[PDB]
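Peer 1: Build the 3D model from these lines:
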Amino acid sequence: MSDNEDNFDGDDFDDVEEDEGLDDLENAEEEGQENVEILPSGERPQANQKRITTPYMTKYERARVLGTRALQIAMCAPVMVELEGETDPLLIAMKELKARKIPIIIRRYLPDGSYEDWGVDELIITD
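Peer 2: Numbering: from 1, shown residues only. Below is the structure:
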């Protein structure tokens, strides 16, 4: 539709968005608990239109994101927060989450079949 949208080539973003949204441990559609995709915030989609869903990090997003970050540490990722007894990637993920040191984009699916970009930065966390 847009010039820099369809006629945009010459990009160098190295990443592979594989099938996501279906978590093995996280799966329970309920009010306030939407199915979302955990993506790494690379550019952070922005626009001149206000988002329509909730800018928060429910137990859903929190769990999905925690496991994601806990996976990063497992992959030899350094912690960006202090450890007051934490030593486990998840435990520490909670520390970083509560500290909002987790750079990630939460793609929440809409009941219509679409999705919305939600960066943790634009999300009001509850940890």
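
Peer 1: Tell me which residues touch residue 42, please.
Peer 2: Residues counted as contacts of residue 42 (Cβ atoms under 8 Å, 6 or more residues apart in numbering) are 13, 15, 105. (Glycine included, C-beta is placed from N, CA and C.)

Peer 1: what's the closest of those residues to residue 118?
Peer 2: residue 105 (6.6 Å; Cβ to Cβ).

Peer 1: Neighbours of the closest one, how many?
Peer 2: If you count neighbours by other Cβ atoms under 10 Å, residue 105 ends up with 22.

Peer 1: and it, how far is that from residue 84?
Peer 2: As judged by Cβ to Cβ, to the nearest Å, residue 105 and residue 84 stand 29 Å apart.

Peer 1: Over to residue 44?
Peer 2: Counting by Cβ to Cβ - residue 44 and residue 84 are separated by 30 Å.

Peer 1: contacting residues around the residue nearest to residue 35 when sequence neighbours are not counted?
Peer 2: Using Cβ to Cβ, 6 or more residues apart in numbering and skipping the chain neighbours, the partner closest in space to residue 35 is residue 109 (5.1 Å). With contacts defined as Cβ under 8 Å, 6+ apart, residue 109 is in contact with 21, 34-37, 115.
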